[PDB]
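This report concerns only the one structure given below.
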Amino acid sequence: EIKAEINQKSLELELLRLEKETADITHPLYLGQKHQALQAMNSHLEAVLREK
Amino acid sequence: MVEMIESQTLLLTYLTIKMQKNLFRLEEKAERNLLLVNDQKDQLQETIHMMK
(Lines give C-alpha, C1' and ligand atoms only; values in the text may rest on other atoms or scores of the structure.)
Protein backbone atom coordinates (compact mmCIF):
# COMPACT_ATOMS: atom_id res chain seq x y z
CA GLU A 1 0.00 0.00 0.00
CA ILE A 2 3.07 2.33 0.39
CA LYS A 3 4.09 1.17 -3.17
CA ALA A 4 0.79 2.60 -4.49
CA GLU A 5 1.60 6.10 -3.10
CA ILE A 6 5.27 5.92 -4.33
CA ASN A 7 4.34 4.86 -7.88
CA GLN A 8 1.35 7.28 -8.24
CA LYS A 9 3.58 10.23 -7.10
CA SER A 10 6.27 9.11 -9.61
CA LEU A 11 3.69 9.27 -12.49
CA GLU A 12 2.61 12.82 -11.43
CA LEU A 13 6.31 13.91 -11.27
CA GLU A 14 6.92 12.46 -14.80
CA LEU A 15 3.77 14.15 -16.26
CA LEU A 16 4.80 17.52 -14.69
CA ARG A 17 8.40 17.14 -16.07
CA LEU A 18 6.93 16.66 -19.58
CA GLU A 19 4.58 19.71 -19.23
CA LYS A 20 7.52 21.79 -17.82
CA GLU A 21 9.76 21.13 -20.85
CA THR A 22 7.00 21.49 -23.53
CA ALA A 23 5.53 24.62 -21.85
CA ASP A 24 6.78 27.24 -24.40
CA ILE A 25 5.01 25.31 -27.27
CA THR A 26 2.04 23.77 -25.26
CA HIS A 27 1.18 25.94 -22.22
CA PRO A 28 -1.56 28.64 -22.81
CA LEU A 29 0.48 31.31 -20.89
CA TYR A 30 3.45 31.32 -23.35
CA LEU A 31 1.20 30.56 -26.36
CA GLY A 32 -0.85 33.60 -25.14
CA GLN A 33 2.33 35.79 -25.06
CA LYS A 34 3.28 34.57 -28.61
CA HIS A 35 -0.33 35.41 -29.68
CA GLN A 36 -0.14 38.95 -28.13
CA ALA A 37 3.13 39.72 -30.02
CA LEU A 38 1.58 38.62 -33.38
CA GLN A 39 -1.76 40.41 -32.64
CA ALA A 40 0.12 43.66 -31.82
CA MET A 41 2.13 43.39 -35.10
CA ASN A 42 -1.14 42.66 -37.01
CA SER A 43 -2.80 45.74 -35.34
CA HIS A 44 0.17 47.73 -36.71
CA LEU A 45 0.32 46.18 -40.26
CA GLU A 46 -3.49 46.43 -40.86
CA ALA A 47 -3.06 50.17 -40.11
CA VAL A 48 0.06 50.44 -42.43
CA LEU A 49 -1.99 48.75 -45.23
CA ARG A 50 -4.82 51.31 -44.66
CA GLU A 51 -2.53 54.37 -44.27
CA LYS A 52 -0.34 53.39 -47.30
CA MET B 1 -13.47 -32.87 47.29
CA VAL B 2 -9.77 -31.75 47.02
CA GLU B 3 -9.04 -34.61 44.55
CA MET B 4 -12.36 -33.71 42.78
CA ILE B 5 -11.42 -30.03 42.08
CA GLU B 6 -7.89 -31.16 41.03
CA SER B 7 -9.60 -33.55 38.58
CA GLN B 8 -11.47 -30.51 37.11
CA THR B 9 -8.16 -28.51 36.97
CA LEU B 10 -6.57 -31.39 34.99
CA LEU B 11 -9.56 -31.49 32.55
CA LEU B 12 -9.36 -27.68 31.99
CA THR B 13 -5.52 -27.47 31.59
CA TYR B 14 -5.43 -30.58 29.31
CA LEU B 15 -8.08 -28.94 27.04
CA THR B 16 -6.22 -25.56 27.01
CA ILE B 17 -2.95 -27.28 25.93
CA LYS B 18 -4.80 -29.46 23.31
CA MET B 19 -6.29 -26.18 21.92
CA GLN B 20 -2.98 -24.15 22.03
CA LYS B 21 -0.92 -26.70 20.01
CA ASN B 22 -3.65 -27.20 17.33
CA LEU B 23 -4.66 -23.47 17.14
CA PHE B 24 -1.06 -22.15 16.79
CA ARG B 25 -0.69 -24.66 13.88
CA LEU B 26 -3.79 -23.05 12.25
CA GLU B 27 -2.50 -19.46 12.89
CA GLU B 28 1.01 -20.35 11.51
CA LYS B 29 -0.37 -21.53 8.13
CA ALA B 30 -3.15 -18.86 8.13
CA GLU B 31 -0.45 -16.10 8.09
CA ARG B 32 1.48 -18.02 5.33
CA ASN B 33 -1.79 -18.39 3.33
CA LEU B 34 -2.35 -14.58 3.62
CA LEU B 35 1.34 -13.87 2.64
CA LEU B 36 1.02 -16.20 -0.44
CA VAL B 37 -2.00 -14.05 -1.51
CA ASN B 38 -0.27 -10.69 -0.77
CA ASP B 39 2.53 -11.89 -3.17
CA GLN B 40 -0.25 -12.14 -5.84
CA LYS B 41 -1.68 -8.70 -4.75
CA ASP B 42 1.65 -6.81 -4.95
CA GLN B 43 2.79 -7.90 -8.46
CA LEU B 44 -0.74 -7.46 -9.92
CA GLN B 45 -1.21 -3.97 -8.37
CA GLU B 46 2.29 -2.95 -9.63
CA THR B 47 1.65 -4.38 -13.17
CA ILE B 48 -1.65 -2.39 -13.17
CA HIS B 49 0.29 0.77 -12.15
CA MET B 50 2.71 0.42 -15.14
CA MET B 51 -0.28 -0.24 -17.47
CA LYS B 52 -1.83 3.03 -16.07
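If you're wondering about the labels, chains in the C-alpha coordinates are A, B, ... by order shown, residues count from 1 in each chain, ligands from 1 in order shown.
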With a cut-off of 12 Å and counting only C-alpha atoms, select all residues of chain B in contact with chain A and give the selection as JSON, numbers by chain. {"B": [38, 41, 42, 43, 44, 45, 46, 47, 48, 49, 50, 51, 52]}
Would you put the residues from that selection into a file with N, CA and C atoms, as a CSV table (one decimal), in the first residue's frame?
```csv
chain,number,residue,atom,x,y,z
B,38,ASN,N,-0.9,-12.0,-0.6
B,38,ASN,CA,-0.3,-10.7,-0.8
B,38,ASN,C,0.9,-10.6,-1.8
B,41,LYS,N,-1.2,-10.1,-4.8
B,41,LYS,CA,-1.7,-8.7,-4.8
B,41,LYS,C,-0.6,-7.7,-5.3
B,42,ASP,N,0.6,-7.8,-4.7
B,42,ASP,CA,1.6,-6.8,-4.9
B,42,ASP,C,2.0,-6.7,-6.4
B,43,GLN,N,2.4,-7.8,-7.0
B,43,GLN,CA,2.8,-7.9,-8.5
B,43,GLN,C,1.7,-7.5,-9.4
B,44,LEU,N,0.4,-7.8,-9.1
B,44,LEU,CA,-0.7,-7.5,-9.9
B,44,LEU,C,-1.1,-6.0,-9.8
B,45,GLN,N,-1.0,-5.4,-8.6
B,45,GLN,CA,-1.2,-4.0,-8.4
B,45,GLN,C,-0.1,-3.1,-9.0
B,46,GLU,N,1.1,-3.6,-9.0
B,46,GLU,CA,2.3,-2.9,-9.6
B,46,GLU,C,2.3,-3.0,-11.2
B,47,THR,N,1.9,-4.2,-11.7
B,47,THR,CA,1.6,-4.4,-13.2
B,47,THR,C,0.6,-3.4,-13.7
B,48,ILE,N,-0.5,-3.3,-12.9
B,48,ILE,CA,-1.6,-2.4,-13.2
B,48,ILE,C,-1.2,-0.9,-13.1
B,49,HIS,N,-0.3,-0.6,-12.2
B,49,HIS,CA,0.3,0.8,-12.2
B,49,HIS,C,1.1,1.1,-13.4
B,50,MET,N,2.0,0.2,-13.9
B,50,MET,CA,2.7,0.4,-15.1
B,50,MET,C,1.8,0.6,-16.3
B,51,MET,N,0.8,-0.3,-16.4
B,51,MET,CA,-0.3,-0.2,-17.5
B,51,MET,C,-1.2,1.0,-17.4
B,52,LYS,N,-1.2,1.7,-16.2
B,52,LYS,CA,-1.8,3.0,-16.1
B,52,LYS,C,-0.9,4.2,-16.4
```
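Atom to atom, CA of residue 16 (chain A) and CA of residue 28 (chain A) stand 15.2 Å apart.
Interatomic distance, CA of residue 18 (chain B) against CA of residue 2 (chain B): 24.3 Å.
CA of residue 22 (chain B) sits 28.7 Å away from CA of residue 3 (chain B).
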